[PDB]
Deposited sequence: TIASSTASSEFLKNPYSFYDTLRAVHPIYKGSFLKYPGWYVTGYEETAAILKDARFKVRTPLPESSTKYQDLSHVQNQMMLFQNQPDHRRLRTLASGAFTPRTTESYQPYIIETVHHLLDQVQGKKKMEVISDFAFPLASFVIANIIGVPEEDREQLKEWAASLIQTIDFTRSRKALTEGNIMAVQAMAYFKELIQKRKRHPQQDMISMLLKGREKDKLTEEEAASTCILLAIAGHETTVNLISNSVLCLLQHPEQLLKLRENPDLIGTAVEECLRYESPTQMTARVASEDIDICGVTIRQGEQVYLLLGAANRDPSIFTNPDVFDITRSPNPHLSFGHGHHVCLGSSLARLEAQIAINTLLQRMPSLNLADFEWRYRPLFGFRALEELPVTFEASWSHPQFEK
């Protein structure tokens, strides 16, 4: 709870000892990295491999493991490049720009439903519905099934986090069965009758039908969790700094640089991980083969050797080489989509709700993500 309110003081005490810190947290021993240059170096180095978030040969949660281990996020060469390239078509600059009409339309539709209420909960009323409708439309999930998708995403995201439990993993296995079965059926439908969606793109091409399913699940999860946190974290940031909120309101063209600073200051993803595939010397320490490396992206974004006054929120920072989307080969596939969703949501919100105000914010019990439980606001 004390860590959730302000994790950056905890990151600072680690950084003061060493930017690569040998320790153990929540029963997980390894190297915890808070330094920017150390984080960037590790992510860029292919000798630090991604790995399965549960033990490779574990069959305690057989279905959960099988779904997890097929995802590009946890695959190395050469399987990673194959999987990523096949999914990349839906997330190119040009394709992402073509989503703008639907995003803008969805944003206005959601703001319409609360416009006369003088109150809203940013997450459940705005942030989540937008991100959910968008990703489901891209993948090709009909509106009738999008509530099931929300359930699977929320359950499966927990299964990779430090805070996971036996009951979370047991639940995750059930949701893995449901999600895999569902997408298998949807793929069979699209195989007979292709539509204008990502699933049909995957069938054009190679890629097994299970791999296509697990790809859909990965993208559904990322679309439902992180993007929602980006929007909600940003709104809170701006409202806590009225000086720059007013600045942004006066010129919406600053939304680009503003969203980048929100990404740096309250990073939706606080952690990713690697395993050392061999002995590696970095920053004066030796990481032995098989040892685990935990990269604290939020902490690296507060490195004073890169960002002069790191704990100051400043939307005018240029450039802003934050590590919120990671770095290297696994760098976020959907970063352009996330940025667009956030830019349109925040600008339109500030435009339509000119007197926006905050209504003791609690964060979800996740250590690898920075996610608000809710964000009530008042306006007009």
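Residues of the deposited sequence lacking C-alpha coordinates, counted from 1, fall in the stretches 1-8, 214-217, 372-373, 395-404.
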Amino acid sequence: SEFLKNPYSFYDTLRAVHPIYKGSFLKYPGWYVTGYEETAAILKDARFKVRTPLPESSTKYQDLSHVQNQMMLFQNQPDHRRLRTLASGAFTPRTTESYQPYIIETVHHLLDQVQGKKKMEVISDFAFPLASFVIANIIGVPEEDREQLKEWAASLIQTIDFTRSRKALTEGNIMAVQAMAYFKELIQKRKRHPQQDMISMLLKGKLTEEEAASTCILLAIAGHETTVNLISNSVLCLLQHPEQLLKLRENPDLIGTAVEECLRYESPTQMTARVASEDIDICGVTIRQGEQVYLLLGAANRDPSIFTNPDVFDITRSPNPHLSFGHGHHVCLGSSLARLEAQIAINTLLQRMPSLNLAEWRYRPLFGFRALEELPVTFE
From here on, numbers count along this sequence of modelled residues.
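Stretches 332-340 and 51-59 differ in mean CA B factor, with 51-59 having the higher one. Set 164-172 against 195-203 and average the Cα temperature factors; 195-203 ends up higher. Of the candidates 255, 228, 216, 282, the one whose C-alpha carries the top B factor in the deposited record is 282. Among 185, 303, 291, 260, the highest C-alpha B-factor in the deposited entry belongs to 185. Ranked by C-alpha B-factor against the other modelled residues of its chain, residue 326 falls in the lowest third.
Annotation for residue 274: CA B-factor lies in the lowest third of the chain's modelled residues. In this PDB entry, residue 89 carries a Cα temperature factor that places it within the middle third of its chain's modelled residues. The PDB entry assigns residue 268 a C-alpha temperature factor belonging to the lowest third of its chain's modelled residues. The entry lists a Cα temperature factor for residue 149 that places it in the highest third of the chain's modelled residues.
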